[PDB]
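Asker: A single structure is presented below for examination.
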6 protein chains.
Amino acid sequence: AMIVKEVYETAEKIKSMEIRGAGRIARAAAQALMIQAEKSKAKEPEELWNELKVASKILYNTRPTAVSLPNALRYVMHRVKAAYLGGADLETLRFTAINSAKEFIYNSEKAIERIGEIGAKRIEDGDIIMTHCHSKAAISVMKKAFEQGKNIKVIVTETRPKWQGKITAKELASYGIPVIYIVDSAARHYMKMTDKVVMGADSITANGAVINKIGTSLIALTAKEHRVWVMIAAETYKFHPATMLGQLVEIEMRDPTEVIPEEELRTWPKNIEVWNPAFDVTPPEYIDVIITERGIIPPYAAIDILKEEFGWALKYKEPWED
Amino acid sequence: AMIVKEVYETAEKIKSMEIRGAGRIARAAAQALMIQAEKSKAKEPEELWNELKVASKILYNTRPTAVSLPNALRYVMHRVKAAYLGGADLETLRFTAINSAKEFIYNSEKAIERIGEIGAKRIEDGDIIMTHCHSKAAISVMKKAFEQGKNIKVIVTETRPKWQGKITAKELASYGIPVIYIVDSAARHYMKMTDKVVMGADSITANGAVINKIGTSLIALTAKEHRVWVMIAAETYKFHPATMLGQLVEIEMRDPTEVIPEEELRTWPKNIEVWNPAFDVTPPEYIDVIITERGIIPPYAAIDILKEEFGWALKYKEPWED
Amino acid sequence: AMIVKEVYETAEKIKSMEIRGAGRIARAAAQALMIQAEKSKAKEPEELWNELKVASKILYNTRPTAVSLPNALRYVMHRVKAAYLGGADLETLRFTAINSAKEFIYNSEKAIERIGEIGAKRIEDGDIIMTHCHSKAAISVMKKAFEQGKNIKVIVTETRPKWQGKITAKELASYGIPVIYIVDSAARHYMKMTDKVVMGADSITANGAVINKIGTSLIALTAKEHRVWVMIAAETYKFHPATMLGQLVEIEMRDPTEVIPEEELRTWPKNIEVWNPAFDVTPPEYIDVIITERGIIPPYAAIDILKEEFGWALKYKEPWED
Amino acid sequence: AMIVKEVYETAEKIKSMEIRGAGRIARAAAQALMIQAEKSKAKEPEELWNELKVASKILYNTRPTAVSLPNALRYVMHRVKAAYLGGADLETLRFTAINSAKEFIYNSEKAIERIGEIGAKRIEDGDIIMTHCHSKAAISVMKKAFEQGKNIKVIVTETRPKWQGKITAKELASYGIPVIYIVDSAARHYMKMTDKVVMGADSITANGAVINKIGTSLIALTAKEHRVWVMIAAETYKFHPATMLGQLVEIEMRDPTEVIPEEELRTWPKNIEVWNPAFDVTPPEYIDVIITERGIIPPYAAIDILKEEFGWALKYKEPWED
Amino acid sequence: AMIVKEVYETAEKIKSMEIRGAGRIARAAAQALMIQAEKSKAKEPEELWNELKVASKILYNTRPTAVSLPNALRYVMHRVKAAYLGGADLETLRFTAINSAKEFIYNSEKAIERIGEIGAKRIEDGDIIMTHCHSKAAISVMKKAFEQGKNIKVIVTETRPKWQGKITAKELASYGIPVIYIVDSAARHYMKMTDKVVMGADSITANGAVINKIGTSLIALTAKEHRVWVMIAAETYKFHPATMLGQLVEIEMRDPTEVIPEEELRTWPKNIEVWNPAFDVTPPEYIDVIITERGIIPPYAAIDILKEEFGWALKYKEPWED
Amino acid sequence: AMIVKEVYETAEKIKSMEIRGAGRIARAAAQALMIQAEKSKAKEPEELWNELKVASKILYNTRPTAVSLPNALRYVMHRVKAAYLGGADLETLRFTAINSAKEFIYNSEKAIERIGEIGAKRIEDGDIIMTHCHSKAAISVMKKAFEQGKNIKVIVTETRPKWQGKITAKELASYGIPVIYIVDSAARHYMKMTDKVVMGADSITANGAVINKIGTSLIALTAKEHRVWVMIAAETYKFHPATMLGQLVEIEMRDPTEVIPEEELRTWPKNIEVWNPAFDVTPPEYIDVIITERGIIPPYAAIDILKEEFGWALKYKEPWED
Ligand SMILES: Nc1ncnc2c1ncn2[C@@H]1O[C@H](COP(=O)(O)O)[C@@H](O)[C@H]1O
Ligand SMILES: Nc1ncnc2c1ncn2[C@@H]1O[C@H](COP(=O)(O)O)[C@@H](O)[C@H]1O
Ligand SMILES: O=C(COP(=O)(O)O)[C@H](O)[C@H](O)COP(=O)(O)O
Ligand SMILES: O=C(COP(=O)(O)O)[C@H](O)[C@H](O)COP(=O)(O)O
Ligand SMILES: O=C(COP(=O)(O)O)[C@H](O)[C@H](O)COP(=O)(O)O
Ligand SMILES: [K+]
Ligand SMILES: [K+]
Ligand SMILES: [K+]
Ligand SMILES: [K+]
Ligand SMILES: [K+]
Ligand SMILES: [K+]
């Protein structure tokens with residue numbers, strides 16, 4: 001029992017994609033556990049422990065694909081679970097949760113600035129960069145490159161069905177960056193004039209595969225075809241612990257109405273099924289580098305990032321369950 | 001100088017894409033010349049000849065890329081010009097136009113049917129077929145395969161920006177064919193479950209390359225990647241004769257507002273440019289077969305088709321020129 | 001309805017693969033039509049017609065995959081048919097069938113010796129050559145080159161399940177050509193030391209694909225991987241005219257007992273299915289040349305062989321049909 | 001110089017392949033070292049040392065290719081050696097050897113059951129899986145996934161020349177897993193209908209190459225061609241430490257009579273050589289993952305498995321050497 | 001007996017490469033037979049027939065690789081041989097040779113202008129074109145493109161060992177074309193900034209392979225890697241008749257001193273062999289188009305150019321031999 | 001301010017390529033700092049420190065691309081700076097420099113030897129090896145393989161523009177190794193007869209890419225094309241640490257006159273530009289192994305080498321900076 005408004009409203013805003021982008025989802029989730037601990041009227045520590053377990057279950061059960069979300073939850077609740085089981089009283093527990101979530105948030109913010117600085121060294125003056133969807137990590141790189149006086153242009157793919165490309169196009173243009181907007185279908189047509197591709201990630205697997213917005217794997221295919229470097233800009237908390245032990249990342253199937261509006265789809269024949277995967281999977285061979293906040297790695301070093309940050313927790317249960 | 005309303009109206013409708021599809025555009029243009037000839041008020045054959053040349057020009061200057069259009073005009077106008085030059089009187093010239101236009105129309109209808117009968121033999125029971133845009137020729141293949149009692153399913157790509165996949169989805173469904181509808185970005189994600197690709201063509205070049213709806217070349221790339229047969233259904237008048245002598249096909253750049261609607265687009269800053277190519281070009285190494293009315297060829301035999309039907313004409317100027 | 005025993009024996013020996021290899025099968029079918037003509041006890045020219053038609057159907061319904069068989073029955077029966085339809089009397093029909101047979105049979109022998117001569121020029125002193133199955137056309141190339149005193153070695157893949165590779169190993173060893181015999185699985189391992197690959201063909205399609213003994217496509221694939229020339233030695237009567245009109249070649253599935261002897265298989269459980277495809281299909285992009293009796297072609301010129309020698313016959317029914 | 005008969009029997013049964021498969025061979029060598037320790041009649045701790053050293057050399061000189069065998073002898077003898085060199089007395093050495101054996105033997109069994117559990121997560125309901133040879137690690141993956149109630153089918157390649165594929169077909173059929181049995185040559189033909197490929201390993205090198213039964217590289221190659229995941233199921237003790245210092249793995253060449261029975265071969269001429277390589281080598285770029293008991297790695301992380309578990313031992317001589 | 005100075009001096013100037021480039025060699029050879037017929041002091045036709053046979057033998061036996069040479073010789077001597085065997089008297093024979101050689105020369109000149117016009121349509125404004133060696137055909141294309149006001153730049157590879165790149169670089173610069181000169185080794189480094197590759201040919205095979213200056217096949221390899229169109233500019237008389245019947249083109253091995261000067265090479269150890277192939281062979285898959293004077297073909301249509309111009313003469317002896 | 005003549009002279013000789021090869025340049029730079037420290041007239045440690053910083057800068061500003069140079073300077077200067085900052089007196093600082101420089105030199109000599117011992121194990125009896133430029137590390141491999149009695153032959157590419165293959169040819173010949181010497185353009189022509197490629201490195205990046213003599217990347221491309229192992233012999237100090245944080249390696253553009261001599265070049269028009277990159281970059285997918293002093297790695301493990309030796313240093317400024 002007993003969860004605050006902010007937890008529920010955040011969960012609904014993740015589901016509906018009013019809060020979106022794997023990094024932002026992650027911070028939002030940490031932010032929500034932070035408000036539950038702030039506002040909780042719990043008296044006992046075991047009461048609050050149980051509230052935070054249940055806030056965490058609600059937040060995890062929103063969108064499955066970007067592992068940034070459970071890694072945020074984990075980051076807070078490994079520390080909440082240790083404090084609680086160590087024998088922390090109420091206010092010690094409240095501070096552990098509140099602070100762990102402030103920690104993760106700040107670190108996510110810092111990781112992205114840093115990804116931008118690292119990645120922008122791989123951008124050269126005159127570069128035409130093609131991007132996909134709307135990824136804060138990818139945009140940090142492009143923004144920094146432009147602030148360094150590299151005269152760049154970005155090809156923004158519209159990113160059907162949900163139009164994330166429109167966000168990207170206005171954001172980059174607002175920083176002063178020349179933009180070329182095209183449909184997703186025009187990616188091979190314009191790969192010849194493209195020098196660099198920069199995209200984000202929702203989950204990165206142990207073998208180096210990249211799960212990112214539907215279409216990503218196509219752009220990467222034709223980038224390889226043309227020898228255009230595919231650079232994936234991605235925080236360490238995009239990497240997927242459980243792929244270490246064989247798990248496949250779930251691909252989120254979103255509502256048909258995102259593709260065909262309700263007003264039109266109801267008029268269509270029964271024998272047409274609309275299928276709307278929100279993500280696809282790009283194989284490591286088509287990735288040049290993964291730019292984390294810890295540096296440039298080849299895609300196959302994803303196992304090392306995981307071995308050293310996340311491996312230890314795979315013998316344990318999730319820090320929010322019974 | 002004295003041009004019937006039908007010529008102008010056909011022209012407006014081709015430009016606007018109310019009349020669309022390479023094959024249909026070509027028939028509409030014959031038809032238009034047919035009608036100018038039926039309804040001409042001319043008294044001398046010279047006067048009719050002039051109206052036909054001028055109508056031909058109007059029709060040519062509508063859409064560049066689908067060569068079926070100029071080939072239709074040529075079919076009619078080579079015959080009209082040979083009659084005029086050979087001394088024909090007003091009524092014999094009228095008839096040569098009228099009857100030439102009809103022969104093209106009739107031949108076009110028969111060729112789409114025959115293509116269906118031929119391509120269908122390459123479709124097998126249980127096949128999943130992916131297609132792109134709305135191609136009458138490709139549909140004839142799927143439609144016939146289904147009528148032969150092969151249980152097929154078609155993956156239809158929505159085809160941005162103009163949404164031609166909607167036409168295709170609803171049309172195939174009307175015949176009883178199950179459809180799976182997806183965004184263009186999802187073609188690689190679903191290539192693994194696809195057994196055949198079947199698309200159409202606006203122009204085929206001397207070396208075997210296929211100009212078709214923007215996005216076609218991406219679908220073929222990932223099809224090759226996966227060893228899925230790419231079959232292009234396409235009539236002999238889709239073959240481009242000026243490429244035998246080095247010409248490159250012009251790619252139509254259509255209005256930004258087809259991508260981002262007018263309302264929205266004017267709210268955007270200058271430094272975003274919307275680019276809307278209506279076609280791309282697929283190399284012959286990514287085509288398994290071209291299915292024409294005369295049979296199955298590898299794409300490299302495009303030169304043979306062009307030699308034995310269109311080559312004779314490239315010593316002469318255009319049959320509508322002064 | 002009065003069919004000589006030789007036709008029945010021939011059909012049965014084609015079925016059991018006692019008579020095997022695509023060219024030899026073809027010659028044996030012509031041979032049977034020849035003996036049916038010779039030994040007939042037909043009063044009328046219509047009684048002979050009817051026997052030949054019936055013998056043809058029996059012979060056609062033995063093994064489907066190697067088009068050689070029907071191209072031979074065609075060669076005879078096109079001529080027998082045209083004779084009977086110009087009102088030929090009896091012994092004029094009998095001789096037509098007898099002399100169409102001999103003519104095809106002799107032209108087969110000449111085409112194979114000529115393929116040798118043309119093919120051997122692409123073999124170079126020292127060459128190591130890998131082959132597959134037992135192909136008399138492939139063997140002619142290898143034998144002639146050794147006769148030219150080029151020092152060659154042949155890698156012979158054993159060719160499961162029916163062990164054709166043993167026939168080849170002994171045949172070549174009998175001309176004094178050193179043989180290296182290996183399992184099929186070992187083709188990649190030895191492809192590094194291989195200089196040329198030379199195989200036969202059962203059917204060759206209009207886009208250049210080559211249907212040949214199960215395994216052939218695997219050898220071709222790793223040959224391409226290593227840039228080893230794949231050379232296909234194939235008479236004109238291996239080219240498959242029905243593929244010009246969209247047809248797909250059928251892949252013979254032979255008895256599971258060829259893989260697991262009947263004694264052993266009956267002891268195995270029901271939930272193991274044994275599948276025994278006798279042919280597979282190699283794409284044209286992995287074939288460097290086809291060596292015919294008319295010359296060397298790229299695989300994609302199969303359509304020209306077909307056009308110029310068989311394309312006429314497709315607009316009519318099979319010559320042995322009613 | 002006093003070696004118990006069990007060691008000699010074990011060596012001979014490893015040579016004749018009555019005991020086969022890389023993990024089982026390893027366990028049988030540890031088992032033999034264990035029985036030599038148990039049954040020894042050695043007075044001194046140096047007489048036991050000397051017997052174990054000698055037993056080790058005998059066991060090492062049976063089959064070279066599967067590094068499992070020496071990694072097992074190492075595991076025991078590193079510990080037996082360190083004991084004897086710290087002045088251990090007799091029954092302390094005997095127990096060390098006895099308990100190093102049991103410990104390796106049990107850890108082998110656990111690694112294989114864990115590889116099952118990790119591997120099965122990458123199999124999906126409906127999957128068709130191709131394998132090669134008979135690998136207990138590969139089989140554990142397949143068996144566990146069927147135990148999870150995923151409906152799978154396994155394509156089993158017969159694996160010439162020694163027919164290991166028969167052992168696999170019966171083993172899987174015995175757990176109620178539908179089997180499709182085919183010749184090795186047919187792997188490309190059925191790769192289109194295959195969803196996952198799962199094979200074992202005899203040795204795995206420092207750059208990620210996988211040495212496994214002859215044919216394995218061919219399956220991997222056409223799997224890559226078709227974008228079918230190739231998954232290698234391999235205990236840590238299959239990784240080859242000497243490859244870290246440049247060594248190449250030796251490929252066992254076994255008796256020509258395994259290919260052609262002795263009866264038939266003696267009738268064949270001298271100028272046919274029969275070559276029988278028992279393994280081949282697959283490059284890492286064709287391997288999607290290696291499934292170890294410690295997790296899922298990209299093939300290129302083989303060097304980290306080696307570094308962290310064996311790199312120490314390379315600076316000394318083999319533990320059984322003088 | 002009895003050959004003029006000009007025949008011998010031309011033969012020596014071909015050998016020494018003072019006359020070079022396959023087209024020019026060809027015209028020079030025709031020019032030489034033309035002077036032998038002009039200046040011959042022969043009295044009988046059979047005398048002159050025999051002089052021209054022997055002039056032709058001397059000219060053929062200079063450099064083997066560019067088939068332009070024997071096709072020039074053939075073009076003259078098919079016509080000389082027919083006139084002579086038809087019963088032509090002296091002056092009829094003299095005129096046949098003189099005129100046939102003037103014919104070939106003029107046609108070669110016209111073919112190159114025409115290749116330039118055709119090819120230049122495939123060059124687009126702003127194009128950076130990479131070329132290799134010095135090819136008149138290739139230079140016609142580039143020159144014409146520049147005369148059309150297309151603002152181009154050419155990357156000229158120096159073309160070791162004989163520095164033909166220096167000729168190319170000065171010739172293009174003298175017409176006004178901006179040039180970038182690089183070593184052969186820098187071709188991949190600069191393929192990313194390259195839009196089009198244009199090279200010539202010495203011989204083109206029946207299957208579409210292109211034999212051209214050593215290095216050509218490398219540039220073509222990396223052009224394919226990057227999707228840069230490889231366009232081969234080549235007269236019909238570059239196509240190689242005898243590859244129709246299996247012949248491999250001979251690759252000319254030129255003197256070691258061209259690579260290492262005599263003054264230096266004499267000082268080098270015996271165990272160093274210098275190898276100097278003057279040409280290599282590019283496979284058809286890396287060629288986009290062959291631009292002949294008859295139009296754009298795919299590389300695989302080389303067989304058609306040969307079938308229709310040269311096929312007929314392969315049943316005959318060379319028109320200069322006994 | 002007070003710099004010994006040896007520092008300046010070393011600097012001139014590095015720029016001029018009298019001292020050349022990445023490994024030798026690095027030793028020459030340690031050596032130079034060694035000598036400045038031996039011969040300094042300084043009295044305070046501060047004065048010596050300043051001379052060492054200034055000499056370091058002079059040495060750094062010679063050639064950019066081979067990172068071995070800056071790594072050598074760092075090895076010395078990290079140790080010198082830690083001593084200076086930790087309060088060391090004049091003589092203890094002198095000694096730290098002198099002895100640090102010697103340790104680098106000695107370690108470099110030992111590492112080349114060890115690389116040879118390791119790489120040689122990957123060379124097999126009868127191997128043909130192609131190499132490029134003059135690499136001490138690669139030569140150590142070939143030299144050792146030969147000394148082990150493997151009959152090898154080396155194809156040496158001349159390496160324009162500076163002709164480094166001459167050095168390599170004569171050096172390998174001096175050991176008794178047969179050499180085949182070729183122009184760079186001939187690498188694809190001779191790749192079919194090559195068994196191994198063995199080249200060196202100037203810099204290796206975090207993602208595994210190899211910067212080496214211009215032309216290296218072409219040889220590796222066609223090697224991959226042909227399944228010939230590309231082995232890069234290269235010391236740990238060839239690994240580039242600034243690439244871990246996104247830096248791209250600068251490619252040295254050297255003087256036009258190295259390509260075209262001064263005499264000739266001034267006779268050329270303005271509108272020719274000579275471009276002379278001394279390096280190109282080879283992607284990691286085209287490298288089989290890197291052979292370092294610590295063993296064989298796949299190229300993607302470049303990050304591991306960089307992490308465990310150089311990563312610590314990238315929080316600090318350069319140890320020669322103020
Ligand atoms: N759902 C998933 N979860 C994790 N990895 C995946 C998933 N789907 C595909 N992959 C991996 O991503 C790549 C897909 O390659 P392909 O199937 O060849 O497109 C491979 O490296 C797979 O291991
Ligand atoms: N000397 C030659 N004469 C004719 N064709 C050749 C010759 N050498 C190679 N080829 C062809 O050129 C291409 C060479 O491809 P590869 O050997 O894979 O480089 C193939 O299409 C061969 O048929
Ligand atoms: O795939 C998406 C968006 O998914 P959605 O819009 O469906 O959330 C983004 O590229 C990543 O999540 C990374 O973005 P960031 O770098 O901003 O985390
Ligand atoms: O596939 C086979 C034989 O199959 P099978 O044994 O099943 O008939 C041979 O490669 C071809 O028939 C060609 O042989 P030839 O060149 O002798 O026509
Ligand atoms: O290979 C060369 C030169 O060989 P070389 O210099 O050894 O004669 C040229 O590219 C062709 O011969 C075609 O040139 P063109 O188009 O001028 O015929
Ligand atoms: K590009
Ligand atoms: K598929
Ligand atoms: K080979
Ligand atoms: K598949
Ligand atoms: K380019
Ligand atoms: K090779």
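So you can find residues: chains in the structure tokens are A, B, ... in the order shown, residues in each start at 1, and ligands are numbered from 1 in order.
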Once you count only C-alpha atoms, which residues of chain B turn out to be within 9 Å of chain A? Could you give them as a PDB file with C-alpha atoms, in the first residue's frame?
Answerer:
```pdb
ATOM      1  CA  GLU B 158       3.619   2.570 -45.480  1.00  0.00           C
ATOM      2  CA  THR B 159       5.753   4.456 -47.925  1.00  0.00           C
ATOM      3  CA  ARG B 160       6.292   7.989 -46.700  1.00  0.00           C
ATOM      4  CA  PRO B 161       5.785  10.782 -47.320  1.00  0.00           C
ATOM      5  CA  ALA B 169      -2.822  -2.486 -47.943  1.00  0.00           C
ATOM      6  CA  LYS B 170      -6.518  -1.850 -48.615  1.00  0.00           C
ATOM      7  CA  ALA B 173      -7.122  -6.849 -48.338  1.00  0.00           C
ATOM      8  CA  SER B 174     -10.057  -6.386 -50.758  1.00  0.00           C
ATOM      9  CA  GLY B 176      -8.785 -11.594 -49.376  1.00  0.00           C
ATOM     10  CA  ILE B 177      -5.009 -11.323 -48.829  1.00  0.00           C
ATOM     11  CA  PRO B 178      -3.804 -10.902 -45.271  1.00  0.00           C
ATOM     12  CA  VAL B 179      -1.620  -7.815 -44.814  1.00  0.00           C
ATOM     13  CA  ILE B 180       0.914  -6.765 -42.199  1.00  0.00           C
ATOM     14  CA  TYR B 181       1.394  -3.045 -42.264  1.00  0.00           C
ATOM     15  CA  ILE B 182       4.637  -1.428 -41.031  1.00  0.00           C
ATOM     16  CA  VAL B 183       6.635   1.763 -41.090  1.00  0.00           C
ATOM     17  CA  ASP B 184       9.462   1.935 -43.665  1.00  0.00           C
ATOM     18  CA  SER B 185      12.102   1.819 -40.804  1.00  0.00           C
ATOM     19  CA  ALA B 186      10.960  -1.679 -39.922  1.00  0.00           C
ATOM     20  CA  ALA B 187      11.959  -3.483 -43.157  1.00  0.00           C
ATOM     21  CA  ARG B 188      15.169  -4.931 -41.717  1.00  0.00           C
ATOM     22  CA  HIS B 189      13.433  -5.963 -38.479  1.00  0.00           C
ATOM     23  CA  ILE B 214      12.173   6.359 -52.326  1.00  0.00           C
ATOM     24  CA  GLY B 215      13.136   3.572 -49.838  1.00  0.00           C
ATOM     25  CA  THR B 216      13.211   0.772 -52.447  1.00  0.00           C
ATOM     26  CA  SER B 217      16.988   0.580 -52.440  1.00  0.00           C
ATOM     27  CA  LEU B 218      17.074   0.087 -48.671  1.00  0.00           C
ATOM     28  CA  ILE B 219      14.634  -2.767 -48.765  1.00  0.00           C
ATOM     29  CA  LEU B 221      19.978  -3.933 -49.535  1.00  0.00           C
ATOM     30  CA  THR B 222      18.686  -5.654 -46.458  1.00  0.00           C
ATOM     31  CA  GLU B 225      21.950  -9.146 -46.689  1.00  0.00           C
ATOM     32  CA  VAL B 259       6.729  15.744 -45.683  1.00  0.00           C
ATOM     33  CA  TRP B 268      10.014  26.191 -38.567  1.00  0.00           C
ATOM     34  CA  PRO B 269      13.258  28.236 -38.728  1.00  0.00           C
ATOM     35  CA  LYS B 270      15.123  28.934 -42.060  1.00  0.00           C
ATOM     36  CA  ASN B 271      18.113  26.760 -41.162  1.00  0.00           C
ATOM     37  CA  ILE B 272      15.993  23.569 -41.485  1.00  0.00           C
ATOM     38  CA  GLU B 273      15.620  22.409 -45.124  1.00  0.00           C
ATOM     39  CA  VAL B 274      13.197  19.623 -45.954  1.00  0.00           C
ATOM     40  CA  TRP B 275      14.395  17.334 -48.750  1.00  0.00           C
ATOM     41  CA  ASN B 276      11.841  15.066 -50.489  1.00  0.00           C
ATOM     42  CA  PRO B 277      13.255  12.876 -53.273  1.00  0.00           C
ATOM     43  CA  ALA B 278      10.421  10.779 -54.686  1.00  0.00           C
ATOM     44  CA  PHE B 279      12.762   8.018 -55.996  1.00  0.00           C
ATOM     45  CA  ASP B 280      15.994   6.186 -55.305  1.00  0.00           C
ATOM     46  CA  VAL B 281      18.157   3.894 -57.345  1.00  0.00           C
TER      47      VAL B 281
END
```
Asker: Run DSSP on the backbone of this structure and report the residues of stretch 19-153 of chain B it assigns to helix (DSSP H, G or I), as a PyMOL selection string.
Answerer: chain B and resi 22-39+45-60+68-85+90-122+136-147
Asker: Can you tell me which residues come within 6 Å of ligand 10 when counting only C-alpha atoms and all ligand atoms, ideally as a list in words?
Answerer: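 Using only C-alpha atoms and all ligand atoms, I find these residues within 6 Å of ligand 10: residues 191, 192, 193, 194, 195, 226 and 228 of chain E.
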Asker: Could you turn the residues from that selection into a file that holds N, CA, C and O atoms, as an mmCIF file, in the first residue's frame?
Answerer:
```
data_model
loop_
_atom_site.group_PDB
_atom_site.id
_atom_site.type_symbol
_atom_site.label_atom_id
_atom_site.label_comp_id
_atom_site.auth_asym_id
_atom_site.auth_seq_id
_atom_site.Cartn_x
_atom_site.Cartn_y
_atom_site.Cartn_z
ATOM 1 N N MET E 191 39.558 7.269 -51.600
ATOM 2 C CA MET E 191 38.317 6.787 -52.227
ATOM 3 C C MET E 191 37.111 7.431 -51.589
ATOM 4 O O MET E 191 36.142 7.625 -52.288
ATOM 5 N N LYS E 192 37.180 7.817 -50.297
ATOM 6 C CA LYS E 192 36.041 8.450 -49.589
ATOM 7 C C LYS E 192 35.613 9.794 -50.196
ATOM 8 O O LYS E 192 34.402 10.062 -50.310
ATOM 9 N N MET E 193 36.579 10.623 -50.609
ATOM 10 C CA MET E 193 36.283 11.884 -51.262
ATOM 11 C C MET E 193 35.997 11.727 -52.772
ATOM 12 O O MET E 193 35.590 12.696 -53.406
ATOM 13 N N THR E 194 36.212 10.535 -53.338
ATOM 14 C CA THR E 194 35.987 10.262 -54.770
ATOM 15 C C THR E 194 34.508 9.904 -55.099
ATOM 16 O O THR E 194 33.906 9.058 -54.424
ATOM 17 N N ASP E 195 33.951 10.522 -56.147
ATOM 18 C CA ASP E 195 32.570 10.264 -56.603
ATOM 19 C C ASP E 195 32.468 9.237 -57.735
ATOM 20 O O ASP E 195 31.470 8.541 -57.868
ATOM 21 N N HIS E 226 33.317 1.173 -51.240
ATOM 22 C CA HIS E 226 32.808 2.494 -50.926
ATOM 23 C C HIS E 226 31.603 2.959 -51.754
ATOM 24 O O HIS E 226 31.200 4.117 -51.652
ATOM 25 N N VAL E 228 31.652 3.617 -54.978
ATOM 26 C CA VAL E 228 32.025 4.535 -56.055
ATOM 27 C C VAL E 228 31.932 3.767 -57.365
ATOM 28 O O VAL E 228 32.548 2.659 -57.493
#
```
Asker: Need the shell around residue C:3: protein/DNA/RNA residues with any atom at most 8 Å away, counting only C-alpha atoms. Skip same-chain ones fewer than 4 positions apart. Format as number ranges by chain?
Answerer: C: 7-8, 36, 40, 51, 54-55
Asker: Dump N, CA and C atoms for the selected residues as a compact mmCIF listing (two decimals), in the first residue's frame?
Answerer:
```txt
# COMPACT_ATOMS: atom_id res chain seq x y z
N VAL C 7 11.60 -49.20 -73.05
CA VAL C 7 11.09 -47.97 -72.47
C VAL C 7 10.84 -48.17 -70.97
N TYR C 8 10.12 -49.24 -70.59
CA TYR C 8 9.85 -49.53 -69.15
C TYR C 8 11.14 -49.75 -68.37
N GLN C 36 11.56 -47.71 -79.27
CA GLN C 36 10.09 -47.74 -79.45
C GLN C 36 9.68 -47.56 -80.93
N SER C 40 8.18 -50.98 -83.04
CA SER C 40 6.72 -50.78 -83.04
C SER C 40 6.04 -51.73 -84.05
N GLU C 51 1.92 -44.16 -79.36
CA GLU C 51 2.95 -44.86 -78.59
C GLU C 51 4.09 -43.95 -78.13
N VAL C 54 3.04 -41.56 -75.44
CA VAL C 54 2.90 -42.34 -74.18
C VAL C 54 4.26 -42.72 -73.60
N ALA C 55 5.20 -43.13 -74.45
CA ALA C 55 6.58 -43.42 -74.03
C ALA C 55 7.24 -42.18 -73.45
```
Asker: Based on the backbone DSSP call, show me all residues of stretch 114-250 of chain A assigned strand (DSSP E), as a list in words.
Answerer: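 In stretch 114-250 of chain A, DSSP puts these residues in strand (DSSP E): residues 128, 129, 130, 131, 153, 154, 155, 156, 157, 179, 180, 181, 182, 196, 197, 198, 199, 203, 204, 210, 211, 212, 213, 229, 230, 231, 232 and 233 of chain A.
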